[PDB]
Amino acid sequence: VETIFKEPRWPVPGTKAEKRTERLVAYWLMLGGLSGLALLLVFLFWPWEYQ
Amino acid sequence: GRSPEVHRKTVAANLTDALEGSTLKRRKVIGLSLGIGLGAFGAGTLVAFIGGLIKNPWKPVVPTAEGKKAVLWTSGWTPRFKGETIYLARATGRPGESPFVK
Amino acid sequence: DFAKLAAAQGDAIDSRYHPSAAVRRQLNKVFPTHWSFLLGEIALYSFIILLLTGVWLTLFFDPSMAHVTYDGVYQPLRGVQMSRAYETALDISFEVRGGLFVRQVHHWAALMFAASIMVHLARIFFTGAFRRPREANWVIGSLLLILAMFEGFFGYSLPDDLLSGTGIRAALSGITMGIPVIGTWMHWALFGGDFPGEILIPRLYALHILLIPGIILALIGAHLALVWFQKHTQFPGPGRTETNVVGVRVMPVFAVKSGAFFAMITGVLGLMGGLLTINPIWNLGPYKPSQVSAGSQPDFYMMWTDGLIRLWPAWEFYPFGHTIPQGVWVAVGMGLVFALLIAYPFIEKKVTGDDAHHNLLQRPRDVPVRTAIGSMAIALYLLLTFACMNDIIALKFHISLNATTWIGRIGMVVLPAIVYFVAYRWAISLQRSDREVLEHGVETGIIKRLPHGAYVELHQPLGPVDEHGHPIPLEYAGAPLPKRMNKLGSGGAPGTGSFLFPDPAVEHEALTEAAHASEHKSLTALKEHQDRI
Amino acid sequence: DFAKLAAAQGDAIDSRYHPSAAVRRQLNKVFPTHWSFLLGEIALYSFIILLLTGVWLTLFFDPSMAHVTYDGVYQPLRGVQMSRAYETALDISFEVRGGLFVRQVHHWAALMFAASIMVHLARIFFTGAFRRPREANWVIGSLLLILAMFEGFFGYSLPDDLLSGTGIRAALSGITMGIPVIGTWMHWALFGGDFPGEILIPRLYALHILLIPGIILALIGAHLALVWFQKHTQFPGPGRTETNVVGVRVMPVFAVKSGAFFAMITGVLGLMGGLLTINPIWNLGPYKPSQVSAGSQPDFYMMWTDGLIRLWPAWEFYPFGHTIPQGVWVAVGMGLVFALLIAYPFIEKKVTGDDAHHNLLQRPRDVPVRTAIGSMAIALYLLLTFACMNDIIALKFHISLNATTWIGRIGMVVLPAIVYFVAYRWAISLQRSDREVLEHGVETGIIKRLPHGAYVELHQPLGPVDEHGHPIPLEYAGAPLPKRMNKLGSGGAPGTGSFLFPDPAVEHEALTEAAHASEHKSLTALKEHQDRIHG
Amino acid sequence: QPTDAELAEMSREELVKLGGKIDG
Ligand SMILES: CC(C)=CCC/C(C)=C/CC/C(C)=C/CC/C(C)=C/CC/C(C)=C/CC/C(C)=C/CC/C(C)=C/CC/C(C)=C/CC/C(C)=C/CC1=C(C)C(=O)c2ccccc2C1=O
Ligand SMILES: CC(C)=CCC/C(C)=C/CC/C(C)=C/CC/C(C)=C/CC/C(C)=C/CC/C(C)=C/CC/C(C)=C/CC/C(C)=C/CC/C(C)=C/CC1=C(C)C(=O)c2ccccc2C1=O
Ligand SMILES: CC(C)=CCC/C(C)=C/CC/C(C)=C/CC/C(C)=C/CC/C(C)=C/CC/C(C)=C/CC/C(C)=C/CC/C(C)=C/CC/C(C)=C/CC1=C(C)C(=O)c2ccccc2C1=O
Ligand SMILES: CCCCCCCCCCCCCCCC(=O)O[C@H](COC(=O)CCCCCCC[C@@H](C)CCCCCCCCC)COP(=O)(O)O[C@H]1[C@H](O)[C@H](O)[C@@H](O)[C@@H](O)[C@@H]1O
Ligand SMILES: CCCCCCCCCCCCCCCC(=O)O[C@H](COC(=O)CCCCCCC[C@@H](C)CCCCCCCCC)COP(=O)(O)O[C@H]1[C@H](O)[C@H](O)[C@@H](O)[C@@H](O)[C@@H]1O
Ligand code: HEM
Ligand code: HEM
Ligand code: HEM
Ligand code: HEM
């Protein structure tokens, strides 16, 4: 293997764009966590029975 | 593509030596008996394994008014004795109380 | 900390199994980054979900034909005489918490499995990845599809409802006993007597949960091992040759992408498995020989076989007090398709006389005859699939039911001929479209009026020009060419910031310089590597 | 013309997959040739036969508790109300040609599997093949044993006869609802209600044919891969070091031997499954709560668990209006022997303070404490196994049924101690037996009767001799020693020929010469290699 | 590292020796 090209994503440090991008990734993971908790709570407390 | 010549030559020599050194090819009597025996055992085993679930579909098993007959020749409408009365019944419902009536 | 636990674990592992040279090789393997190479993963990801859900269902199901009376919670079926399988299938969906969701996800995943296999097969055929040395892999795949198509058939036949019951009665009992000489013997061997019998559902259950999945797993393992140890193919491009691979290493880029794709596939399957209804077996009722409905249709991966029965004429023979029914034709016709799909590479190898080692793919436009053949096969498949749904098309879309059969009958000989011709011409035209850019350049879409009144259209050459202005023509290299100026970066760099508020000018300048500088480096590296060979 | 046929199909494979070096490496792998190392594959050969027989018994069985009336061919059970599982089990044995034979072979192979696993475990333990770097393999094997036990238990519970039903009511139901906190919750989760239920046989069927065999297959694969890539240990001997393997190559000697052994194991199993009756379910009846028989024995691999129940006293506790039954004591006990079995290598490593990457085995006589511990464990196992069948021994042999319980109860604390002591002393004595031959030589069994009236025995020195004729003492090297003169070649061939007629003399002379020369060459080669190693 | 010329000048006897020596 040779690996002709390799570069980091943020050369210039201390930018507001990098911080903003850092907070976008977190939102999806927080949404996943909240949805998991919702799954737990709905599976425990819901009628579920044939009417 | 193709492996280097050294690997090909060595692997071929190994296999050829294994076959040749056994002196199996020089001994026709025992090389033939092995084949025959393996064939016979295989045939026997396969017939025993498969022959358990083979049934004759043309054997008389259904009692009728003319003797026992094969399944595919009969139905619910075939008389079981001469002069038997078979009614045309309807089905409505009531699974346990007379599902069939005249 | 973790600078001491990880080192101890690594030392303990290495001193016992010494796997450093063989584990580095796996981390350094490179894989091409394409969107057409992720079509083979979906199927795999569909199989795993079919296992997990398949095990949960085994803790509740009872595959017996013993007749019982329901006496359960679902009121419209209270006193009805049914089998143990049907009762247990109702129990799973009505009595066990979250059972309906699980058995819906199972069915949806079963559909996705077949769809993904079909798309993957299409990719493999059209790109030419079946040529040597990979024509052994194709055969393996050709088996897997077949195994995936009967495995699904045995699966929805387990609840023992009216729809699947009539399906079994028609497609497995009628056809079996229509075959010459060895026909009734085979029927009685499979069913252990006449059609209804007593041992069909247990046998199908054992065949569905144990044997066919085992064979599928082994064959999938062989498939993946062959793919791994033979390497992956690649499309022609800058820096790509017949004796190298260009892409990314397994660690850490490929693994993260694979994991994310698996997660998203699971998400989609779980989301659609609890928002759409599939197979509501309680609406159907238990199987009765004397009852039928209007639909009578199998799963989508089985409808072409049913359409072939539905369309073929009533041609029979009666030699010396025997019978050769219509259903024989289909049994032969189905055998040919499977015999004309397992060994295609050898047919094409014999025809074209090409027997060379191939690692670089082909663009569908560069092989007109193969593309036309594939198109005509797809057309025939689609027509046979849509001919199974003729009795719903006639009702919804106001067509005669008599007309649909004749449409299909004429179509199954007419439509492929049209499709072949159109596909051939279309491929050659795309080829001619690729030569226009190499000679004149990309059309910018800008018109200019010269002083003497001429209208000209500005072109962007892709290479050096001569001393009059028109570019030096370039050669075709089997690679795509641009057709829009926006894809060449000729326009577009929006002001950095949020969606509503901008960033400082200094930050914008610093961020826009870096991108351009980085963008040069990749092209330069590729050019240098290409020039060194 | 197969020379041209094999030369073309060989090139077609190398040009597509190029597996020349990779298979050439696998053809040259060397394996030690010791009888004791063939113990492990028997189990493997028993597993394969369990799969082929398991697929033939999947075409006829129906797991259901739906109650029916028999009305079949077997007359003594005509009109009796049974389940679908029992009826199908009768159908397999009476209505299908060769079904009884197949299910008998299945059961016999099931027994051989467990027996082979036990013997293999004994071998691994006694020779110290678990030390380093082979601990994970021990653990995996332990899990395999446990899974095999539970796989076997779920198997004979499927026909739903009187024996299996009585066994499953007492073991899987009675013991389950004794665990202190989660006693009744777990019971109702497993059975989906009260004991009999309607889902137990289907659940056990799905568990027996799919899940446990799958886990077993995966674990066996891992086991074999570890053995293959960790280069099987050997034993101390001439030309053996810590960094080499002595034996034969895979091609062609090892493969032929493996195939022949598999064939003979299959032969034995097939021969045994026709001449001996196992599990006659028609002599029993369908399971009924208000019916029982005298025997009530599980399979031999489950007998120690059942014997532990019979011998433990009736000790219960009643705190704050609760109950802790007798059955708790075994549930804790049963999981305590397992825990002590999986994590044994770590215990011994901590005790002796030794971890030095051993590749050479130990003779059991050289490690007295471990040998004694193993003997003690085997004694306890045997006593627990024989306690389960105390009602059958009390009938056939004239002894009180009350007396057997007390014999077992007292024995389970006394007999292991005696076995430990005897094993320790016996091992040390076998050690001392080896020091007598390295110092004086092999006793030929010949008396001399010197002129002055002294009786001596002629000894055969195993090495160089001193000027006075007394042998030079040798050092122990962890290898066996000869003790009979006939094993050293003090006896020729009676003569080349048939059993009734001899051959011409010249042939006999030539064959004897060739054989003798071949023995010289082999010994010389080993000696030269051993001399070059230690330079 | 024998050449293609030498590999054709070896008998079956010493090719097995070479293979074994490569494998160890
Ligand atoms: C220097 C020098 C010149 C030397 C080098 C030279 C060199 C290296 C070159 C030489 C290379 C060369 C020459 C190589 C040539 C190689 C070559 C030519 C190879 C050819 C390979 C080849 C021809 C392959 C054979 C293909 C093959 C064996 C075909 C398979 C046939 C198949 C797959 C048939 C299966 C049919 C089948 C199983 C049918 C089942 C039908 C039945 C009974 C089903 C009935 C049926 C059932 C059962 C239902 O249940 C059902 C349910 C619902 C709806 C319908 C049905 C239904 O129809
Ligand atoms: C002899 C016999 C009867 C055997 C039958 C065998 C058979 C049919 C199998 C059945 C399975 C059986 C019976 C096993 C029982 C196991 C068992 C009891 C477990 C219960 C499970 C359970 C309780 C559920 C818990 C639910 C839960 C928490 C779920 C978690 C889901 C998890 C952990 C997912 C794991 C995902 C996973 C294993 C992914 C692996 C992906 C792999 C292998 C890809 C490899 C791979 C990759 C990644 C590529 O991208 C690729 C690209 C190009 C070429 C090649 C490759 C390639 O090889
Ligand atoms: C009590 C109860 C209710 C049960 C619950 C069960 C339970 C809780 C269990 C938990 C167990 C635990 C905790 C462990 C976790 C393990 C785990 C994570 C499991 C995962 C399982 C899983 C993911 C499933 C995959 C299954 C699967 C498809 C695996 C494939 C394995 C394969 C391909 C194996 C091949 C084996 C094979 C083909 C055997 C051939 C045998 C032959 C012919 C022998 C040849 C052979 C010979 C002859 C030799 O003598 C020999 C000697 C020395 C070295 C080598 C060999 C050798 O190769
Ligand atoms: C000397 C004859 C044998 C020559 C040697 C080679 C041929 C043997 C190969 C097969 C071994 C068959 C042995 C099985 C015994 C036998 O022969 O059965 C006799 C039936 O007459 C026969 O001559 C059978 C002729 C075989 C017909 C071939 C069948 C056609 C194929 C298509 C059947 C499907 C097989 C699956 C392969 C399909 C593959 C397709 C890709 C009597 O039938 P019957 O008494 O009515 O039924 C009984 C039950 O009651 C009792 O429970 C028990 O099941 C039996 O005892 C049964 O016989
Ligand atoms: C597996 C080996 C284990 C090694 C451990 C050895 C430990 C031995 C401990 C000794 C056990 C003592 C058992 C006593 C517990 C007990 O209760 O025993 C009674 C009757 O005492 C007896 O006989 C004593 C019998 C002594 C047996 C000694 C055992 C040694 C043997 C087992 C060793 C041989 C090993 C086998 C050799 C095979 C290999 C060869 C090397 C029966 O009561 P019962 O019957 O109800 O008496 C009623 C009245 O009371 C009442 O008046 C009235 O008269 C009636 O109602 C009457 O019934
Ligand atoms: C069960 C169905 C199948 C599964 C799970 C499966 C899986 C895969 C996977 C994951 C790959 C990885 C490479 C890629 O993503 O393209 C692959 C490659 C391949 N598959 Fe499939 N496949 C299946 C069916 C088929 C079929 C139906 C064919 C052809 C009829 C086929 C032939 C191939 C070939 C030739 C390759 C390698 C092509 C290349 O090297 O570029 N497979 N398969
Ligand atoms: C190749 C992947 C699989 C396919 C295509 C498949 C197909 C099907 C289908 C179509 C159904 C009908 C579901 C319904 O009617 O709602 C089903 C149900 C079932 N499958 Fe599978 N299956 C697969 C994997 C498995 C595996 C591996 C097992 C065993 C471990 C299994 C066991 C079951 C069981 C027990 C049912 C219950 C049937 C029902 O509830 O109606 N499946 N399967
Ligand atoms: C590998 C370890 C296995 C062991 C130790 C084992 C053991 C047993 C035993 C002892 C029985 C009952 C014997 C009797 O009295 O009739 C049995 C029954 C059965 N086993 Fe297994 N088994 C194993 C694996 C399998 C596998 C892998 C399958 C399926 C592929 C299978 C299918 C069956 C079937 C269908 C029965 C039916 C009960 C009968 O017909 O008598 N077994 N097993
Ligand atoms: C299904 C059960 C098992 C099978 C099929 C099996 C199979 C084998 C085989 C074939 C070998 C190599 C052949 C030999 O040297 O004897 C082996 C080696 C080994 N097995 Fe087992 N085994 C099983 C269970 C166990 C158990 C219960 C243990 C220990 C608790 C164990 C520990 C080992 C170890 C440590 C080795 C290494 C062999 C060595 O170093 O010499 N295995 N196994």
Side-chain angles (χ1 to χ4, degrees), chain C residues 206 210-211 214, chain D residues 31-32 34 36-47 49-61 63 85 88-89 92-93 99 102-104 106-107 109-111 113-114 116-118 120-121 123-125 127 129-130 134-145 147-148 151-159 161 164 205 208-210 212-214 216-217 219-220 223-224 226-228 230-234 278-281 299 301 341-342 344 359 361 379 382-383 386-387 399-415 418:
Chain C
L210 177 66
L211 279 75
Chain D
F31 277 102
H34 195 255
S36 187
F37 303 160
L38 291 180
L39 293 183
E41 51 195 63
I42 307 168
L44 173 77
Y45 298 156
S46 311
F47 183 68
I49 303 183
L50 274 167
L51 288 179
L52 291 189
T53 51
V55 162
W56 191 103
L57 277 177
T58 234
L59 304 179
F60 304 95
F61 191 65
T88 50
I92 288 174
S93 63
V102 170
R103 58 178 287 275
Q104 281 195 354
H106 194 72
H107 212 154
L111 291 194
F113 193 45
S116 282
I117 299 176
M118 281 172 178
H120 175 64
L121 199 160
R123 205 284 288 166
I124 296 301
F125 178 84
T127 55
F130 59 82
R134 301 168 177 88
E135 307 102 337
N137 216 2
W138 167 276
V139 165
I140 288 170
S142 294
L143 301 174
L144 273 172
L145 170 67
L147 283 167
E151 176 69 356
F153 171 69
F154 291 153
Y156 64 83
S157 299
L158 293 192
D161 44 354
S164 72
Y205 181 75
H208 174 87
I209 72 155
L210 174 70
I212 313 302
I216 285 175
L217 188 88
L219 283 191
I220 282 177
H223 199 78
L224 294 187
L226 271 176
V227 172
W228 186 272
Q230 281 200 119
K231 294 252 176 79
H232 203 293
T233 81
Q234 65 181 353
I278 188 165
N279 203 14
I281 49 159
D299 284 15
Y301 38 89
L341 182 81
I342 295 159
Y344 175 76
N359 280 321
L361 285 177
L382 275 184
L383 176 71
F386 273 73
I399 173 175
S400 182
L401 178 73
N402 279 26
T404 57
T405 286
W406 279 111
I407 284 166
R409 200 175 283 184
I410 293 173
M412 77 169 148
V413 73
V414 158
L415 181 68
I418 294 160

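Keep in mind that the numbers below use all heavy atoms, side chains included, and drop hydrogens, waters and symmetry copies. Numbering of ligands and ligand atoms starts at 1, following listing order. Every chain is numbered from 1 and lettered A, B, ... according to where its sequence line falls, protein lines coming before strand lines.
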Mark whether [atom] lies under 4.0 angstrom from at least one protein heavy atom.
atom                    : value
atom 11 (C) of ligand 5 : yes
atom 25 (C) of ligand 5 : no
atom 15 (C) of ligand 5 : yes

Within-shell test, D:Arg123 vs ligand 9, heavy atom, strictly < 4.0 Å =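 D:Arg123 counts as a contact of ligand 9 under the 4.0 Å cut-off.
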
Mind checking whether D:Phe130 has a heavy atom under 4.0 Å from ligand 9?
->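 D:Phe130 does not count as a contact of ligand 9 under the 4.0 Å cut-off.
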
Any side-chain donor-acceptor pair under 3.5 Å between D:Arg409 and D:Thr405?
-> no

Taking all non-hydrogen atoms of both residues into account, name the closest pair between [X] and [Y] and its distance.
X        : Y        : value
D:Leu401 : D:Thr404 : O-OG1, 2.8 Å
D:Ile124 : D:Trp138 : CG2-CE3, 3.8 Å
D:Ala148 : D:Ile117 : CB-CD1, 3.9 Å
D:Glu151 : D:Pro213 : OE2-CD, 3.7 Å
D:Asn137 : D:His223 : OD1-ND1, 2.6 Å
D:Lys231 : D:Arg134 : O-NH2, 3.2 Å

Among all protein heavy atoms in this structure, tell me which lies nearest to [atom], with the distance rounded to 0.1 Å.
atom                    : answer
atom 7 (C) of ligand 5  : D:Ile410 CG2, 4.1 Å
atom 46 (O) of ligand 5 : D:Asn402 ND2, 4.0 Å
atom 1 (C) of ligand 5  : D:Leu383 CD1, 3.8 Å
atom 5 (C) of ligand 5  : D:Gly411 CA, 3.7 Å
atom 45 (O) of ligand 5 : D:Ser400 OG, 3.7 Å
atom 27 (C) of ligand 5 : D:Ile407 CD1, 3.9 Å
atom 17 (O) of ligand 5 : D:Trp406 CD1, 3.5 Å
atom 20 (C) of ligand 5 : D:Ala403 CB, 4.7 Å

Could you list which atoms of ligand 9 come closer than 4.0 Å to a heavy atom of [X]?
X        : answer
D:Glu41  : 10 (C)
D:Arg134 : 40 (O)
D:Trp138 : 29 (C), 30 (C)

Heteroatom proximity flag, D:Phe37 to ligand 9, N/O under 3.5 Å |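 Indeed, backbone or side chain, D:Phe37 has an N or O that close.
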
Heavy-atom neighbours of D:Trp406 CH2 exceed 12 at 6.0 Å =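 No, CH2 of D:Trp406 has 12 or fewer neighbouring heavy atoms, counting only those of other groups under 6.0 Å.
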
Gap separating the NE2 atom of D:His107 from the CD1 atom of D:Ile278, nearest 0.5 angstrom =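 Spacing of NE2 (D:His107) from CD1 (D:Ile278) equals 4.5 Å.
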
Hey, what do you get for OH (D:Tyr301) to CG (D:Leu145), rounding to the nearest 0.5 Å?
->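 Answer for the OH-CG pair, D:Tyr301 versus D:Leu145, is 12.0 Å.
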
When you measure from the side chain of [X] to the backbone of [Y], do you find a donor-acceptor pair of N or O atoms at a distance under 3.5 Å?
X        : Y        : value
D:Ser157 : D:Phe154 : no
D:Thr88  : D:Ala85  : yes
D:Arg123 : D:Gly40  : no

For atom 21 (Fe) of ligand 9, every protein N/O/S atom that sits closer than 2.8 Å, waters excluded =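 Near atom 21 (Fe) of ligand 9, below 2.8 Å, one finds D:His120 NE2, D:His223 NE2.
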
Please list all pairs passing the side-chain hydrogen bond (donor to acceptor under 3.5 Å, both in side chains) test where one or both residues lie in residues 49-58 of chain D, with sequence neighbours left out.
-> D:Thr53-D:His106, D:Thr58-D:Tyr205

Give a yes or no on whether the ring-centroid distance for D:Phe31 and D:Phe37 is below 6.0 angstrom.
->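 D:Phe31 vs D:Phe37: aromatic centres not under 6.0 Å.
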
Sequence neighbours excluded, the answer for side-chain contact (heavy atoms from CB on, under 4.5 Å) partners of D:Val413 is none

With under 30° as parallel and over 60° as perpendicular, where do the rings of D:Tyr344 and D:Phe125 fit, or are they tilted in between?
-> tilted

pair D:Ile399-D:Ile407: side-chain heavy atoms closer than 4.5 Å = yes

Exercise answer, ligand 8 polar atom pairs (N/O) under 3.5 angstrom:
{"unit_1": "ligand 8", "atom_1": "15 (O)", "unit_2": "D:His107", "atom_2": "ND1", "d": "3.1"}
{"unit_1": "ligand 8", "atom_1": "15 (O)", "unit_2": "D:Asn279", "atom_2": "ND2", "d": "1.4"}
{"unit_1": "ligand 8", "atom_1": "16 (O)", "unit_2": "D:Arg103", "atom_2": "NH2", "d": "3.2"}
{"unit_1": "ligand 8", "atom_1": "16 (O)", "unit_2": "D:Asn279", "atom_2": "ND2", "d": "3.2"}
{"unit_1": "ligand 8", "atom_1": "20 (N)", "unit_2": "D:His106", "atom_2": "NE2", "d": "3.1"}
{"unit_1": "ligand 8", "atom_1": "20 (N)", "unit_2": "D:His208", "atom_2": "NE2", "d": "3.0"}
{"unit_1": "ligand 8", "atom_1": "22 (N)", "unit_2": "D:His106", "atom_2": "NE2", "d": "3.2"}
{"unit_1": "ligand 8", "atom_1": "22 (N)", "unit_2": "D:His208", "atom_2": "NE2", "d": "3.1"}
{"unit_1": "ligand 8", "atom_1": "42 (N)", "unit_2": "D:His106", "atom_2": "NE2", "d": "3.3"}
{"unit_1": "ligand 8", "atom_1": "42 (N)", "unit_2": "D:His208", "atom_2": "NE2", "d": "2.9"}
{"unit_1": "ligand 8", "atom_1": "43 (N)", "unit_2": "D:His106", "atom_2": "NE2", "d": "3.0"}
{"unit_1": "ligand 8", "atom_1": "43 (N)", "unit_2": "D:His208", "atom_2": "NE2", "d": "3.2"}

